[PDB]
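Asks: take a look and give me a structure for this.
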Amino acid sequence: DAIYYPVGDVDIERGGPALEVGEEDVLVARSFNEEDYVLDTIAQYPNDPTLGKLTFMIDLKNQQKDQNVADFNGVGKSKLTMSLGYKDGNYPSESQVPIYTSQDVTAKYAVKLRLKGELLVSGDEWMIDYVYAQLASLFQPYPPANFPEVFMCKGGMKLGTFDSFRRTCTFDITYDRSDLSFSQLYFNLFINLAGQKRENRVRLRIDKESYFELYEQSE
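Replies: Residues are numbered from 1 along each chain as shown. There you are, the coordinates:
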């Protein structure tokens, strides 16, 4: 009966080729890091103590903003948000938050990013059921392979390397493509853990090499 949105070993990349940034292109957003940081948050469902499943997503952020661009939601520390419930993998509307918001339909965009780090569950009573990174003009479109709105989707062993028990996933992915159109741009991790308990202490290390850049392309 559950609304359940798994993505396995998927590797989707869309867009024009890597932008060779020229004099007329404009950097409209850039975030980066000077050191590693770790998100460390207990995952659990309020109001439902049913054991065995934790579905959550990560708003992906970097701590430094390029001082020549406007503030944007991709600046800060990454954070974890539970799905609507144990049997509902959707997210509340108020949590469906874009990294960047466009104000001009005619704009064409290019993105350069690196996402490097590690997801770790705590202890030995949980495993990673699925995990994927997604850049898209929609929030959690499903199945993502069916949407041209999905620009980058990297899941499972296409996202990173797991330990023997799938307690950890260590990743280092890049994306560099152009000619993108959107109203709103989303950059997230979508995760589900399966296990024997009601909660887990979840850690996500974002390595200092992680960064995000957005260009408006010269027409």
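
Asks: OK, contacts around residue 60?
Replies: Taking C-beta atoms under 8 Å, 6 or more residues apart in numbering as the definition of contact, the neighbours of residue 60 are 74, 78, 99, 115, 133, 187-189, 206, 212. Where C-beta positions appear, they are placed from N, C-alpha and C, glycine not excepted.

Asks: from those residues, which is closest to residue 12?
Replies: Checking the contacts of residue 60 against residue 12 by C-beta to C-beta gives residue 133 as the nearest, at 10.7 Å.

Asks: not counting sequence-adjacent ones, nearest residue to that closest one?
Replies: Take residue 133 and drop its neighbours on the chain: the residue closest to it by C-beta to C-beta, 6 or more residues apart in numbering is residue 154, 5.0 Å away.

Asks: could you give the bridge partners of the one you found?
Replies: The bridge-partner assignment for residue 154, based on DSSP bridges, gives residue 11, residue 133.

Asks: measure it to residue 98 for me?
Replies: Distance from residue 154 to residue 98, counting by C-beta to C-beta, to the nearest Å: 19 Å.

Asks: what's the answer for residue 113, then?
Replies: Here residue 113 is placed at a distance of 15 Å from residue 98 (C-beta to C-beta).

Asks: surely residue 116 touches residue 210?
Replies: Yes: contact criterion C-beta atoms under 8 Å: residue 116 and residue 210 qualify, at 5.1 Å.

Asks: neighbour count: these two, which is higher?
Replies: Set side by side, residue 116 and residue 210 show more neighbours around residue 210, with 25 against 19, by other C-beta atoms under 10 Å.

Asks: alpha carbons of the helix or strand harbouring residue 114, in CSV - could you do that?
Replies: Element membership of residue 114, judged by DSSP states H and E, is strand 109-120. Extracted C-alpha coordinates of strand 109-120, given in CSV (Å, rounded to 0.1, in the frame of the first residue of the first chain):
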residue,chain,number,x,y,z
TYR,A,109,21.4,27.7,-18.1
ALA,A,110,24.5,25.7,-17.6
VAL,A,111,25.5,23.9,-14.3
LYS,A,112,28.9,22.7,-13.0
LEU,A,113,28.9,20.8,-9.8
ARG,A,114,30.8,18.3,-7.7
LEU,A,115,29.2,16.3,-4.9
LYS,A,116,31.8,14.5,-2.8
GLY,A,117,31.2,12.9,0.6
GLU,A,118,29.6,10.0,2.5
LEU,A,119,26.3,8.8,3.9
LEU,A,120,26.6,6.8,7.1
